[PDB]
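Q: Take this structure, written in C-alpha cells, and hold onto it; I'll ask about it next.
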Protein chains: 2
Amino acid sequence: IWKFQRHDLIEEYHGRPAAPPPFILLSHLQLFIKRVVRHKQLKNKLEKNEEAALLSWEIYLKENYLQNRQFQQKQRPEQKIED
Amino acid sequence: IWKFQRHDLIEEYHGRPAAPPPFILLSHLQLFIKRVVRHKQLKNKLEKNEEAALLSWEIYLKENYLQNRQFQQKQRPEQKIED
C-alpha cells in the first residue's frame, strides 16, 4: 500500500510550480492572470520510426515470455502424474 | 467465539419492550397486570404451497452439492496415485 501511495505524491511535487510560500504569491497571480485570460515527464507521443522498433522489440519478448510460461507448466509434479 | 456470542445479545434487545428506564415502570406494571391476570422474526410457520416449493428448491441444490463434493474428491493427488 505504501509503495502504491508513493506515486501521487511524486506526481504532485513534480507538478507544482517552483515557488515556496514566500515567493508563492507572484506565482499565484501569474496563475490568476491566465485564469482571467502536462509535462513531457509522464506523457509523451513518440515517432513512428522509433515507436515501431519499440513495438517490434516488445512483440519479440512477449513471445519469449510465453514459452517460458508453458514450459514451467510442464514441471508441476501434479501435471506430471497426470501424464 | 465473538461471532458466536453476537447472537443472544441480538435476541435480547430485539425482544425487550421499547421502554427505557424512565418510562420502564409503566412497562413493568403493564407486565405485572398480566403476571397477575415470541415474535414473527425468529420463528414462523409457513404455507404448504410456499413451503413445498421451498423444500423442492433445497432438494435440488443438495443434489448439486453432492456432485461437486465427490468430484473434487477425484482430484486429491493421493487418490490419483491409488488409481
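Here's how to read the names in the C-alpha cells: chain A, B, ... by the order shown, residue numbers from 1 in each chain, ligand numbers from 1 in the order shown.
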Report as an NGL selection string the set of chain A residues whose atoms approach chain B to within 9 Å, with distances computed over only C-alpha atoms.
A: :A and (78 or 81-82)
Q: Once chain A is fitted onto chain B by least squares over all its in-order Cα atoms, send the moved chain as a compact mmCIF listing (two decimals) with C-alpha atoms, in the first residue's frame.
A:
# COMPACT_ATOMS: atom_id res chain seq x y z
CA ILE A 1 -16.32 -17.10 19.72
CA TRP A 2 -17.27 -13.48 19.36
CA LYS A 3 -19.27 -14.13 16.22
CA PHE A 4 -20.97 -16.88 18.13
CA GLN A 5 -21.79 -14.71 21.12
CA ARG A 6 -23.19 -11.95 18.96
CA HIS A 7 -26.50 -13.76 18.68
CA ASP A 8 -28.05 -13.89 22.13
CA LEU A 9 -27.40 -10.20 22.58
CA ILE A 10 -29.32 -9.50 19.41
CA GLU A 11 -32.05 -11.83 20.59
CA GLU A 12 -32.44 -9.88 23.80
CA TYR A 13 -32.55 -6.32 22.57
CA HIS A 14 -34.88 -7.34 19.81
CA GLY A 15 -37.09 -8.95 22.42
CA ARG A 16 -37.11 -6.39 25.20
CA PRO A 17 -40.09 -3.99 25.19
CA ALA A 18 -39.30 -0.49 23.96
CA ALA A 19 -39.24 1.48 27.21
CA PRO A 20 -36.01 2.90 28.64
CA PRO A 21 -35.70 3.02 32.45
CA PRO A 22 -37.52 6.39 32.67
CA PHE A 23 -40.73 5.07 31.15
CA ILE A 24 -39.88 1.49 32.06
CA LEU A 25 -42.11 1.41 35.12
CA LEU A 26 -45.32 1.68 33.10
CA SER A 27 -43.97 -1.27 31.11
CA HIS A 28 -43.14 -3.23 34.25
CA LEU A 29 -46.65 -2.70 35.59
CA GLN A 30 -48.11 -3.41 32.16
CA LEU A 31 -46.27 -6.69 32.70
CA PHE A 32 -47.38 -7.36 36.27
CA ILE A 33 -51.04 -6.86 35.36
CA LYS A 34 -50.74 -9.91 33.10
CA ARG A 35 -48.45 -11.58 35.64
CA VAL A 36 -51.44 -11.32 37.97
CA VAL A 37 -54.02 -11.85 35.20
CA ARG A 38 -42.39 -14.89 20.66
CA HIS A 39 -42.09 -12.71 17.57
CA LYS A 40 -42.55 -13.44 13.89
CA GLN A 41 -38.88 -12.53 13.46
CA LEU A 42 -37.19 -15.73 14.66
CA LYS A 43 -39.91 -18.36 14.31
CA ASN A 44 -42.76 -18.54 11.83
CA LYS A 45 -44.87 -21.27 10.33
CA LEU A 46 -45.18 -21.28 6.57
CA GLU A 47 -47.79 -22.26 4.00
CA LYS A 48 -47.99 -25.63 2.30
CA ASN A 49 -47.82 -24.15 -1.18
CA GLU A 50 -44.94 -21.93 -0.20
CA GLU A 51 -43.07 -24.42 1.95
CA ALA A 52 -43.37 -27.14 -0.67
CA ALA A 53 -41.71 -25.09 -3.38
CA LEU A 54 -39.07 -24.20 -0.85
CA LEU A 55 -38.25 -27.79 0.04
CA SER A 56 -38.11 -28.86 -3.59
CA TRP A 57 -35.75 -25.98 -4.21
CA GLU A 58 -33.44 -27.17 -1.47
CA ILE A 59 -33.61 -30.83 -2.52
CA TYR A 60 -32.35 -29.76 -5.90
CA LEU A 61 -29.44 -27.84 -4.53
CA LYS A 62 -28.45 -30.58 -2.11
CA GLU A 63 -28.04 -32.89 -5.06
CA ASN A 64 -25.87 -30.28 -6.73
CA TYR A 65 -23.65 -30.04 -3.68
CA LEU A 66 -23.28 -33.81 -3.60
CA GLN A 67 -21.88 -33.95 -7.12
CA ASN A 68 -19.30 -31.26 -6.56
CA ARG A 69 -18.14 -32.96 -3.39
CA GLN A 70 -17.38 -36.37 -4.82
CA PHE A 71 -15.95 -34.82 -7.96
CA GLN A 72 -13.39 -32.76 -6.13
CA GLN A 73 -12.68 -35.94 -4.23
CA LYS A 74 -11.45 -37.28 -7.55
CA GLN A 75 -8.67 -34.70 -7.64
CA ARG A 76 -6.87 -35.46 -4.40
CA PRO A 77 -3.41 -36.44 -5.65
CA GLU A 78 -3.16 -39.27 -3.13
CA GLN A 79 -6.35 -40.71 -4.55
CA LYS A 80 -4.97 -40.37 -8.07
CA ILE A 81 -1.84 -42.32 -7.16
CA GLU A 82 -4.03 -45.02 -5.67
CA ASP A 83 -5.77 -45.19 -9.04
